[PDB]
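1. the sequence isn't on hand, but the structure is:
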Ligand code: NI
């Protein structure tokens, strides 16, 4: 049974609600992004209307085989009428194709559902500038002040400088980057660009990247592993055993691996600055955990909410424990008292 924080009142609509069977009263199912916790339940046998971005619709058709007649892509930043209700899709600054959804209810209420997002001051100059929001359905993944991490730009600067140094010292080093979902593609694209290489990967991952509308992608990636000195591997293989096993397969081309594991937040962010980050090393293998986040930091979240001044907030993450719920409610009241809304 579908929980309340996935239903949009006063509509026939649900958000990221595909794992509950046929939801009573649902005339259109929205999908904010192509991450498995959110699409859980979709397949080629789904027969209700799915509303989403163009890039999410390419993934639904090619990766999950949803039939074309049930896929309804909408452009971004454009007022659209769905089943008699005005909606707008906005870029979420999460993974490729990820959106927030603005719903303009028949009774005059305006609802924003953030999906998963990384808040940014640029969102203060989207179509959000123009009107009031009554209810905010908020991605609260990192809603606590202990959750600090650098800008994506600082993280990428570290990765490129680290990879370029290593390979210039040793032209026989291979660089490996872990992946398990879409998102964070700048990690492996920026490293391959500084090294003058395409990124090599499995047929299954190449297919996924081909659905993402990235400019000049055919110039940036390949399935010919022999031609590339940046390889992608499943995140589960990014360990000393997996990396040893990969280096064996490379036919004596390489004598060293430098690997990256993009994570979200980890508790080493409480102590160590990005610039001071060091790897774990065994022999000719070194692994860097880098804190590349596609969710808001606490401070980014706080800024966005204090600017938007919503009348009510409904969290969509960390909702399963009383302690998490109580913590989040306390921060929402602080933010409201501090800003005066
Ligand atoms: Ni996500």
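-> Alright, I've got the coordinates. Numbers count the residues shown, from 1 in each chain.
2. the ion contacts on this protein?
-> Residues of the chain found near the ion (CB under 5 Å from the ion) are 35, 116. Backbone N, C-alpha and C define where each C-beta goes, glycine included.
3. could I get the full set of helices for the chain?
-> When secondary structure is read from DSSP state H, the chain shows helices at 36-39, 54-62, 152-169, 185-194, 203-210, 240-248, 298-308, 322-339.
4. in JSON lines, list these along with mean neighbour count and distance to residue 114.
-> JSON lines is the format used below for these (neighbours: other CB atoms under 10 Å; distance: least, CB to CB, whole Å):
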{"stretch": "helix 36-39", "mean neighbour count": "16", "distance to residue 114": "12"}
{"stretch": "helix 54-62", "mean neighbour count": "21", "distance to residue 114": "16"}
{"stretch": "helix 152-169", "mean neighbour count": "16", "distance to residue 114": "18"}
{"stretch": "helix 185-194", "mean neighbour count": "20", "distance to residue 114": "21"}
{"stretch": "helix 203-210", "mean neighbour count": "15", "distance to residue 114": "24"}
{"stretch": "helix 240-248", "mean neighbour count": "15", "distance to residue 114": "35"}
{"stretch": "helix 298-308", "mean neighbour count": "18", "distance to residue 114": "9"}
{"stretch": "helix 322-339", "mean neighbour count": "13", "distance to residue 114": "14"}
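5. for those, which one sits closest to residue 268?
-> Proximity to residue 268 (CB to CB) singles out helix 152-169 among the helices of the chain, at 13.8 Å.
6. which other helices and strands contact the closest one?
-> Judged by 3 or more CB pairs under 8 Å, 6 or more residues apart in numbering; DSSP states H and E, helix 152-169 is in contact with strand 173-179, helix 185-194, strand 256-263, strand 285-291.
7. related to what we said a few turns ago, closest one to residue 141 among the helices of the chain?
-> Residue 141 lies closest to helix 298-308 among the helices of the chain, at 8.9 Å (CB to CB).
8. contacting residues around the closest one?
-> 112, 118-121, 123-124, 128, 133, 136, 138, 140, 142-148, 296, 313, 331-332, 335, 338-339, 341 (CB atoms under 8 Å, 6 or more residues apart in numbering).
9. of those, buried ones?
-> With burial judged by 16 or more other CB atoms under 10 Å, the buried subset of these is 112, 118-120, 123, 128, 133, 136, 138, 140, 142-143, 147, 296, 313, 331-332, 335.
10. do you know how far the residue of the stretch 51-200 of the chain found nearest the ion is from residue 137?
-> At 3.6 Å from the ion, residue 116 is the closest residue in the stretch 51-200 of the chain, using CB to the ion. To residue 137, residue 116 is 11 Å away according to CB to CB, to the nearest Å.
11. and if you look at residue 210?
-> Taking CB to CB as the measure, residue 210 falls 32 Å from residue 137.
12. neighbours of the residue nearest to residue 127 when sequence neighbours are not counted, just the number please.
-> Excluding the flanking residues, the one nearest residue 127 by CB to CB, 6 or more residues apart in numbering is residue 88, at 5.7 Å. Residue crowding around residue 88 was assessed by other CB atoms under 10 Å; the count is 21.
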